[PDB]
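In: once you've seen the sequence and the experimental structure below, I've got questions.
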Number of protein chains: 2
Amino acid sequence: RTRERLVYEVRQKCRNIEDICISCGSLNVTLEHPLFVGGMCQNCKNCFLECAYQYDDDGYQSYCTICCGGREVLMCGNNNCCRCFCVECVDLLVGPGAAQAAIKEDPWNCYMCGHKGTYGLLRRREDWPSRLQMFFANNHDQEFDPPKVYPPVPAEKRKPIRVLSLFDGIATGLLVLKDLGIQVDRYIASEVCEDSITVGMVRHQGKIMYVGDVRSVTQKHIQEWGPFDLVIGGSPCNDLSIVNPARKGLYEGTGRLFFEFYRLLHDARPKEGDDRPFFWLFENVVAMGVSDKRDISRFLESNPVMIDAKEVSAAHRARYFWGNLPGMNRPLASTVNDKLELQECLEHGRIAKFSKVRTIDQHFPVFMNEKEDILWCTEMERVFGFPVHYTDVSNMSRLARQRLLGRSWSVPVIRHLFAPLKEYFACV
Amino acid sequence: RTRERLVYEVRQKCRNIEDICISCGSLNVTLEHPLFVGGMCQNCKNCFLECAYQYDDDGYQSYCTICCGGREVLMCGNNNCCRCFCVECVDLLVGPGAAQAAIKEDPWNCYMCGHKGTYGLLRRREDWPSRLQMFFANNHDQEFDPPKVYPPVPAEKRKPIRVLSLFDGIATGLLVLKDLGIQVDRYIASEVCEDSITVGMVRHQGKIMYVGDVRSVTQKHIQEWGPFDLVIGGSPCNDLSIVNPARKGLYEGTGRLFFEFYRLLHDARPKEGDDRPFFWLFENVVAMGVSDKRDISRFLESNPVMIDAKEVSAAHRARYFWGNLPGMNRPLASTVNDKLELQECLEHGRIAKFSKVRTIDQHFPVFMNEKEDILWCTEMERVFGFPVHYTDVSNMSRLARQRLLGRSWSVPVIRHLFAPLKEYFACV
Ligand SMILES: Nc1ncnc2c1ncn2[C@@H]1O[C@H](CSCC[C@H](N)C(=O)O)[C@@H](O)[C@H]1O
Ligand SMILES: Nc1ncnc2c1ncn2[C@@H]1O[C@H](CSCC[C@H](N)C(=O)O)[C@@H](O)[C@H]1O
Ligand SMILES: [Zn+2]
Ligand SMILES: [Zn+2]
Ligand SMILES: [Zn+2]
Ligand SMILES: [Zn+2]
Ligand SMILES: [Zn+2]
Ligand SMILES: [Zn+2]
């Protein structure tokens, strides 16, 4: 209303569009909007951090792309595009008579996919994926000191790595360490779900020493299980994401379990004066709260690094990584073994309409024998870069096993992160 | 009817689809259909040669893609695709109830653009661009001897080239020779249209010696204007194409003018025993008659080479080249100066809906300021690889000047053809 008056004053060439916050009309313009033209206030930045990568059950976005709010959104008909524009923003930026006429247009593209990209009051920024990548380096609100860089140990003095993995799951971390060829002295792993225990037990041949709940692990246990060289972990994102219809709380349950990772990290950290190389990785999803992200950043005493798996795999798996692993910032490289198209990850006799599937109405992504079908479990394993038939251990249902796969880290992303640890520990 | 009974016998698994000609149902199966599954009789090959690259004023194909005939065609809604499938072929290859239901589907893709690409009675063969390229090397019906290869003259003995150009137009051939840096001793050029004379006169600075009509050039004129080292030419394709609505004849007018090229070629050819390097190029369009193409091949005593300009420029300019220039067969290489996208050839402030434009309701190809607009004349010059503002010589209308541009050869294609002549003649 006020913001509509503001945009009116802009289009009469009395105000610039870059001096106003196009999302909510605030005069407190600190940032520029990354995708489109206009300013950006800090409250809208927080709403943009929370809401931008939130998708409905539909597969399309939970909220409007422009303001991250809105009332009734307009979904994009273009293939593989999931954006939504609410009616109130299109009333401004395209005009008050063009939203209604654009609904009537049955093949309707959105304004990030428009074959032009230059409209009257709304024009798209020259480099938006670059500004989306820079927008998370723009999160300097939480300013910290850089992680301490330890000088590399000589190759003759290297020893097998010792990993304390919390929230192990299906043993993605040890699998990636074996893929890199790093000698593993021992791999302690706390985990509760029996199926994920079992996957790890069979795929890693009894090498993993299994613990009960993370809440049963004392500091005495951490001291007596040998010094650890690498502590890894990732909080549950079943409740923390907006994909679950049952969002009774946000940091009930999952939040607790983060602090369990925090405590055992401090229990495994060497003392000051003990300059031995120690490393740690935490992982969380991007569709999360701001104050949540702040508290996590403050407790772990570091700046998160967003890493999307689209750069290396066939999925849209954008995840925050906290840590001190060297080269956590450096850009991702996709090897020729990694399959950047979805079609390569399909079985034979199946052809994909999508090029990237995202799993946290075309719910089922595969057109085989003139019929819609979901990705088979072994293909979902291929999508994340697991070895072929990785989860076929025990007599478990398909729904459970898909659910067991979807929680897991993306394997070439974790390979990219763990790769400079070869410089610090022994090889096979 | 008979072919519909035949396909009925094929769906019972009593006959292979590859043993029948899917176009017209003939049992005389010599070839396989290049795009889809099925045989191909020779009459259908001739109909395929004539009709496949024929486009209506719409921009879309003149006839069906499958059988090159049909009754009522179904046009494809996908962007940049111009194929049409007639109702009678879709009755077979997809089914007698699916054509009617596929009309009702408003975003309808065709079966060369189908996301799945695998239908019940119609499937798409995999290496179809390779088989489309091989299909014109499959024209061995006109078998001839290969063009005589002359050994290269040493670099100190090279002399400036002497070109007899017939049907010069806007002096594309001399411009391409100057682009290559070859010294030109003289450039005789017959041409009748004043505007094209004038373009050549101004852009090539009075170097061109202009003649009247080609029918006024005697063998005495050919002898007295010096020995020629390179004779080039191209028949008019205004009447010869199906794009002109006034197709009263096919080889009235244009056919004559071909024979004028034929005669003056023989008049410019050195005698047997005179082993001096002599070369010649003829050009014609691909949407032409078969017996036309035969007669041309027989008179010029060679096999045509189809060359599409899409490989090097932003247009679809598929043209037959007869000649003896070395490396006329070898595959086209597009330099970094050549613009393979249409958008790069646009002016600033204009954004293209297409990536390629071919011009022999999206009739106007450019979305600028919420409005549909023709390519400007200087952009059409950029599309074919002419220098910028090439035709802005005299006070001529826009319709005439566009018409003057559209007839012309594609400049990087002619650069690709003329390039090995540097090995035979002097450089600047
Ligand atoms: N208290 C607890 N202790 C250990 N594991 C727990 C736990 N509560 C939940 N989990 C498990 O921890 C996982 C959360 S996320 C798992 C991702 C893991 N990196 C992987 O690649 O598999 C789930 O498998 C969940 O069942
Ligand atoms: N009898 C004739 N003598 C010479 N030129 C003729 C002619 N009849 C037609 N022409 C011209 O020859 C051209 C046919 S095609 C021209 C293409 C030429 N290579 C170019 O790049 O411009 C047209 O410009 C036409 O006007
Ligand atoms: Zn705001
Ligand atoms: Zn909005
Ligand atoms: Zn879109
Ligand atoms: Zn036939
Ligand atoms: Zn047909
Ligand atoms: Zn199509």
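Out: Received it, and whenever you're ready, just let me know what you need. Numbering: from 1, shown residues only, chains lettered A, B, ... in the order given. Ligands and ions are numbered 1, 2, ... in the order given.
In: can you give me the neighbour number for residue A:258?
Out: Residues contacting residue A:258 under the criterion other C-beta atoms under 10 Å in any protein chain shown number 23. Every C-beta, even on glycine, is put in place using the N, C-alpha and C of the backbone.
In: surely it touches residue A:236?
Out: No: the pair residue A:258 / residue A:236 is not scored as a contact, 9.0 Å apart, by C-beta atoms under 8 Å.
In: of all the residues in the stretch 301-428 of chain A, which one is nearest ligand 8?
Out: Closest residue of the stretch 301-428 of chain A to ligand 8, C-beta to the ion: residue A:353 (14.8 Å).
In: same deal with chain A?
Out: Counting by C-beta to the ion, chain A gets nearest ligand 8 through residue A:79, at 13.8 Å.
In: what sits against that residue?
Out: Applying C-beta atoms under 8 Å, 6 or more residues apart in numbering or on different chains to residue A:79 gives the contacts A:353, A:354, B:115.
In: which of the helices or strands spans it?
Out: Following DSSP states H and E, there is no helix or strand that holds residue A:79.
In: now the helices: where do they sit in chain A?
Out: A:2-11, A:42-51, A:87-93, A:98-104, A:128-137, A:172-180, A:194-203, A:219-224, A:254-268, A:290-300, A:377-383, A:398-406, A:411-418 (DSSP state H).
In: hang on, the earlier thing: for burial, what's the neighbour tally of the nearest residue to the residue of the stretch 301-428 of chain A closest to ligand 8 once chain neighbours are set aside?
Out: Nearest non-adjacent residue to residue A:353, counting by C-beta to C-beta, 6 or more residues apart in numbering or on different chains: residue B:115, 4.3 Å away. If you count neighbours by other C-beta under 10 Å, residue B:115 ends up with 12.
In: separation between residue A:386 and chain B?
Out: 27 Å (C-beta to the nearest C-beta, to the nearest Å).
In: can you verify my assumption that that residue contacts residue A:411?
Out: Yes: assessed by C-beta under 8 Å, residue A:386 is found in contact with residue A:411 at 5.7 Å.
In: picking that back up, of the contacts of residue A:79, closest to residue A:33?
Out: Checking the contacts of residue A:79 against residue A:33 by C-beta to C-beta gives residue A:354 as the nearest, at 28.3 Å.
In: so who does the residue lying closest to the closest one once chain neighbours are set aside touch?
Out: Of all residues not flanking residue A:354 in the chain, residue A:365 sits nearest, at 4.9 Å (C-beta to C-beta, 6+ apart). The contact partners of residue A:365, by C-beta under 8 Å, 6+ apart, come to A:342, A:352, A:353, A:354, A:357, A:374, A:375.
In: what's the spacing between residue A:395 and residue A:389?
Out: 15 Å (C-beta to C-beta, to the nearest Å).
In: so those two - more neighbours on which side?
Out: residue A:389 (12 against 4).
In: pretty sure the more buried one contacts residue A:378?
Out: Yes: under the criterion of C-beta under 8 Å, residue A:389 makes contact with residue A:378 at 5.6 Å.
In: what's the overlap in contacts for those two?
Out: Contacts common to residue A:389 and residue A:378, judged by C-beta under 8 Å, 6+ apart, are absent.
In: do I have it right that residue A:302 meets residue A:324?
Out: Yes: look at residue A:302 against residue A:324 with C-beta under 8 Å: they come within range, at 7.2 Å.
In: show me which of the two is the more surrounded one.
Out: residue A:302 (21 against 18).
In: relative to ligand 5, how far out is that one?
Out: In this view, residue A:302 and ligand 5 are 35 Å apart by C-beta to the ion, to the nearest Å.
In: residues touching that residue, list them.
Out: So residue A:302 contacts A:144, A:147, A:322, A:323, A:324 (C-beta under 8 Å, 6+ apart).
In: quick check: phi and psi at it.
Out: phi -160, psi 160 (degrees, to the nearest 10).
In: what does chain A put close to ligand 5?
Out: A:76, A:78, A:81, A:110, A:113 (C-beta under 5 Å from the ion).
In: quick one: contacts for the second one?
Out: Residues in contact with residue A:78 (C-beta under 8 Å, 6+ apart) are A:109, A:110, A:113.
In: and the first one, by the same measure?
Out: Under the criterion of C-beta under 8 Å, 6+ apart, the contact list for residue A:76 reads A:60, A:82, A:83, A:84, A:85, A:108, A:109, A:110, A:112, A:113.
In: only the buried members of those residues: can you turn that into a PyMOL selection?
Out: Here is the PyMOL command that selects only those of the contacts of residue A:76 that count as buried (16 or more other C-beta atoms under 10 Å in any protein chain shown):
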select buried, chain A and resi 82+83+84+85+110+112
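In: ok, so of the contacts of residue A:76, who is nearest residue A:334?
Out: For the contacts of residue A:76, the nearest to residue A:334 is residue A:82 (22.3 Å; C-beta to C-beta).
In: among the helices of chain A, which is nearest residue B:243?
Out: Using C-beta to C-beta, those put helix A:98-104 closest to residue B:243, at 34.2 Å.
In: please compute how far that closest one lies from its chain's middle.
Out: Here the centre of helix A:98-104 is set off from its chain's centre by 34 Å, with C-alpha atoms, centre = their mean, to the nearest Å.
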